[PDB]
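Residue-level structural notes
Residues per chain, in single letters:
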Amino acid sequence: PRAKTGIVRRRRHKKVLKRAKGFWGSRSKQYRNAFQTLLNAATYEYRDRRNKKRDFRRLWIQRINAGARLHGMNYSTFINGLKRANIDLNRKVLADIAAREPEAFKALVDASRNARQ
Amino acid sequence: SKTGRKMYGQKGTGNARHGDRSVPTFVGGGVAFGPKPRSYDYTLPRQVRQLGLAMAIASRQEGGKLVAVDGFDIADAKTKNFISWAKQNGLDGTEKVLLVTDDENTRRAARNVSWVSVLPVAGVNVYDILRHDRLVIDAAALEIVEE
Amino acid sequence: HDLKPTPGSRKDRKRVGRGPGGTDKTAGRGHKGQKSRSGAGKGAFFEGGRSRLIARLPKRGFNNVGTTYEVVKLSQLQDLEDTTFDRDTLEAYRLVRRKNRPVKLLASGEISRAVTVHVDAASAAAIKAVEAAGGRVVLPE
RNA sequence: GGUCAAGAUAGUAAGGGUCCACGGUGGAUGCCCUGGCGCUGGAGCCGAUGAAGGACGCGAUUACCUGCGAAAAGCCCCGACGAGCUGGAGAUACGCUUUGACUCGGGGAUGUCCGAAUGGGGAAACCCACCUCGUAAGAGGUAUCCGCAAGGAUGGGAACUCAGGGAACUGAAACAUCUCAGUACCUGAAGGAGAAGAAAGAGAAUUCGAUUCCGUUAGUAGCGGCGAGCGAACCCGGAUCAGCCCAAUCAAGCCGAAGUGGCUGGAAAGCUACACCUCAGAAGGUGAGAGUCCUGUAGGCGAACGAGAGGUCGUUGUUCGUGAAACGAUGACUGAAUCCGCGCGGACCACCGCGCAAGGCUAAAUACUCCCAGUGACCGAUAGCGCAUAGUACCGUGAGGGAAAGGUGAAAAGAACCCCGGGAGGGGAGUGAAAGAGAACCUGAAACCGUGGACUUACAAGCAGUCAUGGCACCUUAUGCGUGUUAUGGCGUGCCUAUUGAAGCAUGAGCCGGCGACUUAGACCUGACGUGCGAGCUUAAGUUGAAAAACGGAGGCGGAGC
RNA sequence: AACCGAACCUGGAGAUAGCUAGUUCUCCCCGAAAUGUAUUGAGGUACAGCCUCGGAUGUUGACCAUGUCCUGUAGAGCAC
RNA sequence: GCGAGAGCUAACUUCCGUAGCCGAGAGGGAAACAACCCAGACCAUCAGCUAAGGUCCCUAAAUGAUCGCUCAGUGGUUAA
RNA sequence: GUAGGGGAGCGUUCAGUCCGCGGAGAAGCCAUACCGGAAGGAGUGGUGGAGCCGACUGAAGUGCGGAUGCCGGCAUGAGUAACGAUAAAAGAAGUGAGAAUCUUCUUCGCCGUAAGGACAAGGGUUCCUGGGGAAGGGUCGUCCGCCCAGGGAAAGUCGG
RNA sequence: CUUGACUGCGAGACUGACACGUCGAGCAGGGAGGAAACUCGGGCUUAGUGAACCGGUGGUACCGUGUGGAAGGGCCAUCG
Ligand SMILES: [Mg+2]
Ligand SMILES: [Mg+2]
Ligand SMILES: [Mg+2]
Ligand SMILES: [Mg+2]
Ligand SMILES: [Mg+2]
Ligand SMILES: [Mg+2]
Ligand SMILES: [Mg+2]
Ligand SMILES: [Mg+2]
Ligand SMILES: [Mg+2]
Ligand SMILES: [Mg+2]
Ligand SMILES: [Mg+2]
Ligand SMILES: [Mg+2]
Ligand SMILES: [Mg+2]
Ligand SMILES: [Mg+2]
Ligand SMILES: [Mg+2]
Ligand SMILES: [Mg+2]
Ligand SMILES: [Mg+2]
Ligand SMILES: [Mg+2]
Ligand SMILES: [Mg+2]
Ligand SMILES: [Mg+2]
Ligand SMILES: [Mg+2]
Ligand SMILES: [Mg+2]
Ligand SMILES: [Mg+2]
Ligand SMILES: [Mg+2]
Ligand SMILES: [Mg+2]
Ligand SMILES: [Mg+2]
Ligand SMILES: [Mg+2]
Ligand SMILES: [Mg+2]
Ligand SMILES: [Mg+2]
Ligand SMILES: [Mg+2]
Ligand SMILES: [Mg+2]
Ligand SMILES: [Mg+2]
Ligand SMILES: [Mg+2]
Ligand SMILES: [Mg+2]
Ligand SMILES: [Mg+2]
Ligand SMILES: [Mg+2]
Ligand SMILES: [Mg+2]
Ligand SMILES: [Mg+2]
Ligand SMILES: [Mg+2]
Ligand SMILES: [Mg+2]
Ligand SMILES: [Mg+2]
Ligand SMILES: [Mg+2]
Ligand SMILES: [Mg+2]
Ligand SMILES: [Mg+2]
Ligand SMILES: [Mg+2]
Ligand SMILES: [Mg+2]
Ligand SMILES: [Mg+2]
Ligand SMILES: [Mg+2]
Ligand SMILES: [Mg+2]
Ligand SMILES: [Mg+2]
Ligand SMILES: [Mg+2]
Ligand SMILES: [Mg+2]
Ligand SMILES: [Mg+2]
Ligand SMILES: [Mg+2]
Ligand SMILES: [Mg+2]
Ligand SMILES: [Mg+2]
Ligand SMILES: [Mg+2]
Ligand SMILES: [Mg+2]
Ligand SMILES: [Mg+2]
Ligand SMILES: [Mg+2]
Ligand SMILES: [Mg+2]
Ligand SMILES: [Mg+2]
Ligand SMILES: [Mg+2]
Ligand SMILES: [Mg+2]
Ligand SMILES: [Mg+2]
Ligand SMILES: [Mg+2]
Ligand SMILES: [Mg+2]
Ligand SMILES: [Mg+2]
């Protein structure tokens, strides 16, 4: 017996192509360039899962430093200050305190510069 | 049927290189690796054919869908009478039945029934049997197919 | 339809090619080379282009078929045959089927009970041990 | 509020982008068959009585095809069927037919011209004659070779057969003997087969008994730049049997069982309720899937015609390559015995065995497959034959090469008539179950071209992605883990191949769709897994049976090595 | 007969091609080599070396310490 | 890199020995960068500590402390 | 983790068997936010109009992006080059659904040992009449060497 | 003084991918020199070499195609 392709190739193809909507020009309409674009997309996805974990830490840190310095303290000195007084806060959380709740962040500042004295 | 003549020049043309249009990368060419007429018939070891057949009958015994039979009773070669005979023996119609006998007319009575398949003498075999639900053995052949 | 073959009876074959699963690109064959290529040939006794081992080795002696003797043991005839005796057409029906060759009897392991044997030849220690147990050995005329 | 001032931000899109909607293009995909493919089995020649193959004709209308041949889609008789017919062609008209048409079977009559062509010629299918009869019309004859005559031959035929002649690539990892291989090809002769055949044999048992074919012996014995590699036979088991004469029943055809009602549906075969035949439930057709509606099947009937010597030199054949080279086989030279004789048995001699050369025919088993029939874990429109038909169109001076091609609908009911337009095309209407089937007519993917809508883009450096967030929009696996779209930030050197090293200014690639590449074989070799038997295991050819399989021990493998 | 250091057509013929391209579905486990010698051999092949799977063994391997023997480089030295 | 020859104690040179890496290795660093430095990625996380390397702004992190040096943009490429 | 070895699977045709769907509508096609560790797999809806899914088992012409691969369709270059001798055109008039291109008139221009006339070879109805306008004509055509129909070719003396 | 520059062997190692190559105790026959223990199967050692194939020669009586012979091969030696 013989077994043509029948139906499989087009299903594969549409699969790729349908992953690829919103891609510019032929990248979203031609199979091969879709499939290709997608390989590179692979790289970018995996990488950036790790990397976004890298990025958000960064952000938190920025905000923290800011709040720190509003009340006359560097960030680094603020964080040894916190570790000294064994306050054990996430910097995600430290950021959110710093940004959202003024007086509270203030209190943590005073506690930390005390731990520094 | 494609002439073997070279179609055009090996280099030059700017085309890819080809020699013939009878080639499996060519629409309308040859199949690369097609099927040619062959055979599949080997010799399975005898003892295994025997043990098989045996084990067929055995399987259909724990059924218990064996029905050993002596003589029959179908008037003179009539299917309606096969139907009544069958019915007396619990053959409602809701099963597929293989019948093995050496009597011309009982077979000649079964056959045209949709749900009966009819086999003379030692035309028996694991396939045909295991194919069906019930087996009509008959029984005359059974005391000889032991010894 | 109920039935299934034995686990490990039938391995599905190698379909080389068919994607990066899988043996990608080169289907086992490696990269380039005469081994890579697709043609019937080398074959098997071809070393380098060199000068072959078999070609470097000394030939010894002619060739001769001669006669070969079909072996019958004592230990066979002995222990547990209970002497149905040897004759000519009896051995066959028991177990030493050949034809076209003459029969020989050889020492094997042990002798005890006496029997009458019909061969075409036998070893010294075999006739000696078959007589020393009371049995006679028959060579043809 | 007004003027001025400083600052910040918005909208408009010429065109683009992403997504959505709706189309066009195009012909993938699915379904299908009117066409192929293989295997098995059958059947096997035609021709001077004019073949195979053609040319020109024949029609109420005739370009193609089919059929035919101036007696021209046909004429005569016989047989069958029994109502339609007047070819594919579907189209108008003429008409034929129960005094038996049409079709089927079987014989005859006619059968132009060319083609072995054969009166002579010739650039095939055209030109020119001669003779006998005849009133003319017309008819018949006029080739060569064997033969006294009668009669035979010439030509054609895919494969198969034998014979005369006889390659190379290639393998030997170079090459010359060798191998490819007595293969390809050329020529010849012939048949449905042909060849071969009735032992101056094979052989080693004082065994066998015409030949061919299958298994096996056996990759054994041997051959060989003893390299590559080449490779028997005897025995044994089968298929089929045969040895005689000369020289002193199938081909037309007919008969042939059994069902209705309600329901869905455009339509009944499907559903459902009860019902029947079956030596018949194989199959196809019927508005969808029918044992019981039609054709059929099982079974039965069935025809006037129809069919069944030795030598020496030079060489070569089989495993036979100068080898110690027997034996056959001839080209050259030469040339014996005829029975107490002759020929062989692998140099050669004796002995022991087998044999009667120089004279012929022979069916059967075997090969093939143009043609016919049945079947298929063969193909269904790039597949399968090159062809759903065509060796056509087309290309070539020629030899020769050589395509694509498929689908309304159950049924033509093939859309009267109205609207715009010269028309093409379309919108209505009408038919239809559906024109979401209208003749550019099954489905109708993708590339590719457009219309419309959403959010968007005119300070911007970019492998076009990816991550994060904000804006807008949307709510049928959807109010969240959202879907679309976007702004801005972070991050980011296409794929493949080939490489020490690829974004590379290294290779390939316009795009999408289809076709497209590790397979088959042997009864080979060697391992892994599994199964059946197990000191044993197994059959092959074949025989019979065959909607299955069983027999078949010849052989092969273990059994002891050196 | 629009390309002649040997025309063209068909066939042998799927010539040969140690050469270049190409080689298609997914996940999981281990995971190399580009060294040696030999080759009318050098971009090819044979056998080792290295990888994997399976069956055997059963700590035999690894590192590091202790013991013991071998060495002629670094340095240095000038006795040849 | 270290050890040598060859070479001009030239070569992103050539040929050997030896370790490591690339090859077949992604991740951070060295602006960029197969090889160097840190380090071997089974998957998920808007979690914590560290390595090399870094903490003025682009750019995560001390415009840190104390004792000095250089004033030449030396820093941010060579010699007698 | 490259060559390579090993392991478990996904999907495709055909085949046997079982289940079973289908005009209250199959396969195929189309959309989709659901499912599975991946090949992949379902739900619903739109299309379509007659066949087909699932399960186990068997056999393969069984899975594509590459091969300057093969057949086919459609893009880019682009409304770009070009429209085939620089002998040359103008007006009126007619026709016609439509005219720069057709017909008539008047002129103009170009060949004139030719760009005129007659044979041969070759071609094969291309000639004449009447009609036509899809394509062929490098535009356009109402026209034509194109398409349809019907006519036309005459030998004792020319050539055989 | 002599022919150990010897036949029949070879425990066990070195060494090479293979084929090769190298060293060698000890047993037998049978010898040389020594008064003897003993030593000798070439040279202080490491180069002075050529695998197969086909063939020459001396021995050998293994095979020899109906049997007995002989051609021819085989074996050990050996030359090209
Ligand atoms: Mg981290
Ligand atoms: Mg075709
Ligand atoms: Mg694998
Ligand atoms: Mg690829
Ligand atoms: Mg490659
Ligand atoms: Mg606009
Ligand atoms: Mg005709
Ligand atoms: Mg007539
Ligand atoms: Mg009649
Ligand atoms: Mg009729
Ligand atoms: Mg004639
Ligand atoms: Mg040659
Ligand atoms: Mg060669
Ligand atoms: Mg002939
Ligand atoms: Mg001769
Ligand atoms: Mg010869
Ligand atoms: Mg002779
Ligand atoms: Mg199709
Ligand atoms: Mg109309
Ligand atoms: Mg738009
Ligand atoms: Mg600016
Ligand atoms: Mg802007
Ligand atoms: Mg390079
Ligand atoms: Mg590499
Ligand atoms: Mg580039
Ligand atoms: Mg490039
Ligand atoms: Mg290159
Ligand atoms: Mg290019
Ligand atoms: Mg086993
Ligand atoms: Mg020329
Ligand atoms: Mg080729
Ligand atoms: Mg060939
Ligand atoms: Mg690993
Ligand atoms: Mg290489
Ligand atoms: Mg190896
Ligand atoms: Mg140890
Ligand atoms: Mg020194
Ligand atoms: Mg270098
Ligand atoms: Mg790296
Ligand atoms: Mg890096
Ligand atoms: Mg960086
Ligand atoms: Mg570098
Ligand atoms: Mg540090
Ligand atoms: Mg900072
Ligand atoms: Mg891994
Ligand atoms: Mg099925
Ligand atoms: Mg199907
Ligand atoms: Mg492609
Ligand atoms: Mg090109
Ligand atoms: Mg193309
Ligand atoms: Mg323009
Ligand atoms: Mg331009
Ligand atoms: Mg321009
Ligand atoms: Mg222009
Ligand atoms: Mg012009
Ligand atoms: Mg002009
Ligand atoms: Mg008018
Ligand atoms: Mg003009
Ligand atoms: Mg006028
Ligand atoms: Mg003229
Ligand atoms: Mg004419
Ligand atoms: Mg035009
Ligand atoms: Mg008009
Ligand atoms: Mg005209
Ligand atoms: Mg006249
Ligand atoms: Mg040789
Ligand atoms: Mg000799
Ligand atoms: Mg001799």
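Rules of the game
Residues numbered from 1 in each chain as written, not as in the entry; some residues may be left out. Chains lettered and ligands numbered in written order. Part of a larger assembly, values for the part shown. Heavy atoms only, no water. 1 Å grid on protein atoms, 1.4 Å probe; cavity = no way out; pocket = protein on both sides within 12 Å on 5 of 7 lines; lining within 4 Å. Points joined across faces, edges and corners; volume = space filled by probe spheres on them. Nonpolar A, V, L, I, M, F, W, Y, C, P; charged D, E, K, R; others polar. Helix = DSSP H or I, 4+ residues; strand = E, 2+ residues; numbered from the N terminus. Pairing = 2+ DSSP bridges. Expected span 1.5 Å × (residues − 1). Contact = heavy atoms within 4.5 Å. Axes fitted to C-alpha atoms, helices over the stretch in contact; angles between N-to-C directions. Parallel < 35°, antiparallel > 145°, perpendicular 65-115°, else oblique.

Per the deposited record, determination of this structure is attributed to X-ray crystallography, with the resolution reported as 2.90 Å.

A word on empty space enclosed by the protein. Tallying each qualifying case throughout the model produces 2 cavities of 30 Å³ or more. Reported here for the largest cavity is a volume of approximately 80 Å³. Around the largest cavity, the lining residues are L74, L77, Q78, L105, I111, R113, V115, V117 and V130 of chain C. The residue inventory of the lining of the largest cavity, partitioned by class, reads 7 nonpolar, 1 polar and 1 charged. One number sums up the size of the second largest cavity: a volume of about 40 Å³. Lining the second largest cavity are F82, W85, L91, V97, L99, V116 and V136 of chain B. Broken down by secondary-structure element, the contributors of at least two residues to the lining of the second largest cavity are α2 (79–88) and β2 (97–101) of chain B. Across the lining of the second largest cavity, the residue classes break down as 7 nonpolar, no polar and no charged.

On to the sheet that holds strand β1 (residues 70–73) of chain C. Residues and elements named next belong to chain C. Reading across the sheet, the 3 strands line up as β1-β2-β4 and stay open at both edges, with parallel pairing between neighbours. Every other strand in the sheet has two partners, leaving β1 and β4 (121–122) as the edge strands with one partner each. Summarising the sheet, strand β2 (residues 103–106) and β4 pair through 2 bridges and their orientation is parallel. Across the sheet, the residue bridging to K104 is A121, located in β4.

Turning our attention to the layout of surface pockets. In this model, the largest pocket occupies a volume close to 830 Å³. Forming the boundary of the largest pocket are 13 residues, of which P1 and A3 of chain A, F33 of chain B together with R15 and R18 of chain C lie nearest the centre. The residue makeup of the lining of the largest pocket, split by class, is 7 nonpolar, 1 polar and 5 charged.

The next subject is helix α1 (residues 46–61) of chain B. The terminal C-alpha atoms of α1 of chain B, which comprises 16 residues, lie 23 Å apart, in line with the 22 Å expected from a rise of 1.5 Å per residue. The secondary structure elements touched by the buried residues of α1 of chain B are β1 (66–69) and α4 (126–131) of chain B.

A few words now on the packing of helix α3 (residues 75–84) of chain A against helix α5 (residues 102–116) of chain A. All names here are of chain A. Orientation of α3 relative to α5, taken along the N-to-C sense of each, is 80°, at an axis distance of 7 Å. Classified by the interaxial angle, the pair formed by α3 and α5 is roughly perpendicular. Along the contact surface, α3 presents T77, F78, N80, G81, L82 and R84, while α5 presents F105, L108, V109, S112, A115 and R116. Classifying every residue of the contact of α3 with α5 gives 6 nonpolar, 4 polar and 2 charged.

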